[PDB]
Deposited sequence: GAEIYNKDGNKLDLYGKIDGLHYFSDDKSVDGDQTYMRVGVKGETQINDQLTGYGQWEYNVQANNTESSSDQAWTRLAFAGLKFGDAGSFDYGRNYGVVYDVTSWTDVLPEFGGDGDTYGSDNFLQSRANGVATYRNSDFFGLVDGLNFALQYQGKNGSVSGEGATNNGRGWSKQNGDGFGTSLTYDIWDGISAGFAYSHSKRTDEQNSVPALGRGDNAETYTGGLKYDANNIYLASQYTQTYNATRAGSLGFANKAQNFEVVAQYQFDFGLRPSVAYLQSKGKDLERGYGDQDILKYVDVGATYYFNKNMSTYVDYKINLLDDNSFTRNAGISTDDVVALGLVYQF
């Protein structure tokens, strides 16, 4: 983040990165150039002694396709808020669902991991989401962070279930809420829990073959060790009608586990190993139990300084190629990524 303005109680921070990134894989929908950049602004205005206003915007711009390609930029974050001293905060807009307050702890791989793996974006309150109202509280009115979050319906393009901002069933949601709780038990050791409950939409219960139910729910617990140049974290999440069974629908229930170990050398190298799986249960069309995601991750980042880094990441895919993985379009091939990153 680069502070480009700070005057009369108003500050403006410009941030972002250019990620020169290549993927190597037998999966042709993944293989090739993946260069992209992100640009954002964080703004803060002092209102009074007990009140600060703020806003943030984060934009993703792909740079790996041609100058006539379409749909190459999208907003990741866009929200405005009030901070009432230390007595917490409120914001509304496109922001992270509170489930990520805990699952973010395993989202630290050099390249892979995070949204797209055990959960996705626009996926109820599991990641970035449209129309979230988020109340947060530090030190529970000590060191104990609480959030409560509401999300209005984001429905179909047209018909009964429509809203202004309609989309496909995979990215729809009804009215929902979430809550998170995180705590530093020792110095360095944190624990966290999160819960979300959302109504599903009529299209989610009629267009895809997989996943039926009135409500989507997530229960998450997570642990993190972050001291002494060591980073360990795990996340265990159980879901009902909330995890995507590739292109085929949702899984009636799923169990997602993510664990990672890393070490940070003084001279800037940071090796990383991780394991991720997603186990879907009670799937329609005779699928039954099925692996949705399963891989070991190894790689490393070298940090030249706080503004420049290079990395390699290797996804060792353990999924077996079967009828479910083919029909749902889930990749079973390995991937290697190489990148060079400038950040500001």
item: Where the deposited sequence has no C-alpha coordinates (positions from 1, in order); value: 142-144
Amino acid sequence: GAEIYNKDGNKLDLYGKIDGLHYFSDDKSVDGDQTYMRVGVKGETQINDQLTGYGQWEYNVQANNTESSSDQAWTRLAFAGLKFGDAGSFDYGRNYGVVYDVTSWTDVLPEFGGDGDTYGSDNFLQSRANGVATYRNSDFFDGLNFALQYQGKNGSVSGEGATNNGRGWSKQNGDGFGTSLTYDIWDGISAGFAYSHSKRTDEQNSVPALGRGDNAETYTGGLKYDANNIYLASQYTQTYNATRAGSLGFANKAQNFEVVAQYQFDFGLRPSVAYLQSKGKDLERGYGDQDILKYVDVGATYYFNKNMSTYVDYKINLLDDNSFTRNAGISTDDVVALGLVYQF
From here on, numbers count along this sequence of modelled residues.
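Whichever C-alpha set is largest while still superposing within 1.5 Å between the two forms counts as the rigid core.
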property: Higher C-alpha RMS shift from the shown form in 5 other deposited structures of this protein - 167-175 or 81-89, rigid core fit; result: 81-89
property: More variable segment, 255-263 or 143-151 [Cα RMS over structures in 5 other deposited structures of this protein, core-superposed]; result: 143-151
property: Which of 265-273 and 127-135 has higher mean CA B factor, as the PDB entry lists it; result: 265-273
property: Per the entry, higher mean C-alpha B factor between 168-176 and 187-195; result: 187-195
property: Among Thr301, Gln56, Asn48, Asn65 - the residue whose C-alpha B-factor is largest in the record; result: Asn48
property: Highest recorded Cα temperature factor - choice among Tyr92, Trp74, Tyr225, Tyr96; result: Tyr225
property: Third of the chain, ranked by Cα B-factor, where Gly286 sits; result: middle
property: Ranked C-alpha temperature factor of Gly211 among modelled chain residues, by third; result: middle
property: Third of the chain's Cα B-factor distribution that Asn229 belongs to, per the entry; result: highest
property: Third assignment of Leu82 from its chain's C-alpha B-factors; result: middle
property: Assigned third (lowest, middle, highest) for the C-alpha B factor of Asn154; result: lowest
